[PDB]
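Here are two versions of the same chain, shown separately as structure tokens and labelled structure 1 and structure 2.
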Structure 1
């Protein structure tokens, strides 16, 4: 029997307690041959009747209605505890057992796939993890909290990973529990954020009610709240018998944004199992004392009218459920290979490094135009660090991932990579030591992708979301900033770092590294404020590395200075130049004062505030000194970095919007 297109729709729809866009569901049924349903799970190893029987009923309906059904096995998290214990292979077996309960429960596997997160993710780490960070980048942290006093660790990440899966697999339908609602809804919202008309339909299935009064769904910490598949028939009888069983008809449970089942005095888990585990089966009906009830409704009518006695209804269900489970018990009884997985599942129920030589770590500012004051700061800390530790090493990280996460500059990968390579090239030319190694985050991730993201979560699971919000000042811009912070600590540990250097632009972020390693990693702070903005105290009035010679002149012209001033910006810059060089000479025509070299900043002030060091002569000498000092750098603007600069002005254009 081939179902007509209306009957296919009806059958697939029946799966869902809600359907987000039935129109979308239809058009899928009407146009698309191998509609993708996906659903996912972390192998627990103790399978309840909803995972065994009910899922199978719904998988079968989807394959019937002409879907391919992909199971996403979230086994990736097993890698956390893998170096010790090797829990990946153990969780694969728990999974393999689950699939095998599924075969024997009657899942038609013809059109059903199983994918392993561990296998799949690590085969396209690039495409996956970049999307994870983008989903965070484009979303307000408040909105990622809704997918989960204030206890929240970095479980802000789990939703992003989940939301990624949806796109990674190319799911057309999300056929998961109603409680996964908000993550799935996030995916629909995300399509909009990437100009993508076709959206995933959310076909949320019912959450089975807990057996005892006041338990909206099954309880992990109460075995009698649900029927489990390894429950021998005496257990089934005992669990049902005591079950809550109101004499009330069972209307739909109006949906909360949360997806979260709510226990009520009206809901009857005996009647829920009868709807979900019995009648949901294509041809099945329940029989009590010689009468057979064709629909769930008929049985309900019976119970409430008082034709079927509570004891009898529960007797019916027990016979019914042992009937569904018996095939599955024999199979594990007789199929050795099956049995072994079980006894394996049973047995499982048995319950950093400091670098010898010092090494500093600095993060290049993800900025389009880098101030000279920040640049010089970086060069100084480097030179200071090396002098203090000549044996040691310094490393500059270009954050070509984390900076995309935080929505830095345009928040586009190509723009940000360009901004970094240019400004870093300029920084080396401006005087950053050769001895300093330059590495990109991409280089560090590829280097050890598996371990990197594992570390990221490991760290994540030991710290509160609120704390990462503190690190950023208490508010975060987007959920991507949260990922950036974690990544930093991760990079630090992989780079085997003893010191983290921090510019003015890093704020407190980098302390995380220190706190995490329990103060083993020391913090070093940049020394800035030696080159101020050029305008009068109280724009393009800041000197940046990428200033060409035409730019400098303009800025040093506009720069504020008046006569008889002991302090202003042009003096500050002058005072700065004088310290590094060791001196500062200025050419003057005799009768304007004559040529005169200052080897001490006091003297400079002395002459400026009271005396005939005219500002014009000071600026002339300062402007020329910046030019001499910036030569190599500006040669790269017009030369080797010419092409890469193009992207940057294109970026700037965008952002002016």
Structure 2
């Protein structure tokens, strides 16, 4: 039986209580041969009629309209509580059990597919997780808080980033999920305008079946007779519907809450709602009471409100009708040996009703994060070098790891927020940091390497940490506020990195802020915090990322300029030029200024008191000092500037291009 475009649209559209862009659906039906419809679930085991039958009804509607239906089985979350693949294998069995019930329940599987998050995520780690982070990177945390159900949220701002990603991961054309999941699907449509993909996913949201008792807008997990379950006997079915709330009132559609979920009112009739969803929503079904048959749902609704049909009869009718729908399942799990076993295995898990901390490191291990900056201050770089040398000496059998945060920083929206730009920045500034004297003992590892190296475990701990900490708690690390949701993730990742690298100490710079203190907090004061030593090379303007502070990517021409504009009045014993000299003096052990004889003559200083004497009250002219310092900076940066014009010249093109994009906006 061939269906024209109009008939296909009617059938498909009839799945949704709402359809975000009927025009977009219509256009999809006209243009596209295999439309991806998508839905998803975590296996629970106790399957209720809305999930058992109603889903089957709607899926069958999509596949008849010429769609393909991909179910996203969210089993990856079993890796959370896992002890040697234990919980995962159970959840996959529950998973297979649900599928078998659907088969028996009458879902046409010819164009239906089941994907398992555990298989598909881990197999496509990069593609998957980078998007998850990108959706977070480009979204205010307020916008993502809206997607979850005062502030008790605790990294439940992560699951929506994942759920949203799934839609694009699977290339879903239609998001055929419940109306309760409306808000995430919206966020999908929004994210579509961010990633340039031209066609937004059509949100075809199905009806939330009502609870059987009064004051229930939805099925309840506390109340096992709030809805019919698939394992319920025909005696159970009779009992539950007989006691069910049943107002004699003509049912009208509820107002569309932007918060997807339904609301419980007194004139909401679940006996009638069932007839509409599990009976009349089937292709050519109709109810029969006392000889007469009602072709429309409306016909039955009238006959009930006119009192042509009794509440006794109406329920008796549903009871037989619902039992008719379950019997094929009941029969199948009796006859079929393999199916019966599936159920018996699922049943056995029910007798448990009503994670360990990672091992410390044997020997010291320091960790440090390269700042995700276009231009890194020399003051900060020298602080990092000293803290490394100070750690390696103080713990000579220990190790130091510098982590280039090429995943974290893109999540945080540092620099331009582009992978290539942040990779280049981290790669360039790292090479230069080594050119200024970073020890060779330091292990340089990227997050890309660390995360992919042991990917499954990594994200488990990111979430595991996420579950144990409140959202507001993580926002305290950024001073009470985050710029986007990605900053929340970046925080979690750093602790996750610390733990996987098995680190004893976390080195923080002034740029890292309180973010690294999280690792200390989470490990119960086990990981010690070492702070960097800064405030030695100051800004070159007079007292009162600009262009009066020395960066570690300054070339020979840049250094000459910045020194030239440095503030220094004559007969002065405290100014930027003095502070830099005393630092160079201290590091070196002497500061030799060269002069014409009778211009003062040549002189050295090996103490700060001696130098300040000749400046404030003496013959050390400002100009003489600055000519001495400028040479010393050029000499100490000879190795680094050689890299700028040679090895890093390729990447320096990418950074100056990034810099101009930032100045534009």
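Residue numbers count along the first chain shown, from 1. Take the two forms, superpose them, and find the largest set of C-alpha atoms that agree within 1.5 Å; that set is the rigid core.
Core-superposed comparison between structure 1 and structure 2: among 85, 282, 507, 474, the single residue whose C-alpha moves by 2 Å or more is 85.
In a rigid-core overlay of the protein, residue 632 has its C-alpha displaced by under 2 Å between structure 1 and structure 2. Core fit done between structure 1 and structure 2; CA of residue 117 shifted by 0.6 Å. When the core is overlaid, the C-alpha of residue 588 ends up 2.1 Å from its other position between structure 1 and structure 2.
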